Amino acid sequence: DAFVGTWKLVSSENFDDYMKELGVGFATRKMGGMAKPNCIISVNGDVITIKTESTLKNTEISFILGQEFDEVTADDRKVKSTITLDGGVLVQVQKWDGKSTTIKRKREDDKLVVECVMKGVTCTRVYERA
Ligand SMILES: COCC1(c2nc(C3CCCC3)c(C)c(-c3ccc(F)cc3)c2-c2nnn[nH]2)CCCC1
């Protein structure tokens, strides 16, 4: 839909503070903060696939809207995730260990804007079509 495509990271705010909230260690934050991932989003039937490629780590999730699924995150957290479409915005919650983080993916102008929230910290990442 508006989300399908290959999307390259062009800007990032507060990603270090977000990773710290996730409990990511210094050495790994350093590497994570300077990688420039590509995100490839596809849809076939009920199933949406989000594949992220970077020099540090790759990840891929496949999901149906509204259906909880198990996911291993790029920092190797084992989480329960649920993604829904809410007024044009893909809203994901990840839950693990009594904790949770929310990730909103939205389409704005020519951008894919991703806002991640954990506790008081809000990180905003912007991707553009590659
Ligand atoms: C497939 O990994 C891509 C990288 C990534 N790594 C991490 C951890 C692993 C290293 C420490 C943090 C996270 C949490 C995310 C992320 C960001 C926003 C999110 F909303 C969700 C995950 C992403 C990411 N994914 N897509 N863009 N950046 C991008 C840069 C280094 C690896």
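Residues displayed in chain A correspond, in order, to Swiss-Prot positions 3-132.
Recorded method for this deposit: X-ray crystallography, 1.7 Å.
Placement of Cβ uses the backbone N, Cα and C atoms for every residue, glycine included.
Listed features, source Swiss-Prot:
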type: BINDING; residues: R127, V128, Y129; note: fatty acid binding site
type: MOD_RES; residues: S13; note: phosphoserine
type: MOD_RES; residues: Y20; note: phosphotyrosine
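Around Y129 (fatty acid binding site), the same-chain residues six or more apart in sequence whose CB sits under 8 Å from its CB are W9, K10, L11, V12, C41, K113, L114, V115, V116, listed in sequence order. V128 (fatty acid binding site) falls within a strand segment according to DSSP. DSSP gives the residue listed as 'phosphoserine' a strand state. Of the chain residues outside the fatty acid site list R127, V128, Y129, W9, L11, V12, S13, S14, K113, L114, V115, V116, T126, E130 have their Cβ within 8 Å of the site's Cβ mean position. In the three-state DSSP scheme, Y20 (phosphotyrosine) is classed as helix. Cβ neighbours within 10 Å of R127 (fatty acid binding site), excluding its own Cβ and spanning all shown chains: 22. Separating the Cα atoms of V128 (fatty acid binding site) and the residue listed as 'phosphotyrosine' is a whole-number distance of 15 Å.
The highest number of surrounding Cβ atoms within 10 Å, among the recorded positions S13, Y20, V128, is found at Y20. Between the C-alpha atoms of the residue listed as 'phosphoserine' and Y20 (phosphotyrosine), the distance comes to 15 Å. Taking CA atoms as the reference points, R127 (fatty acid binding site) and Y20 (phosphotyrosine) are 11 Å apart.
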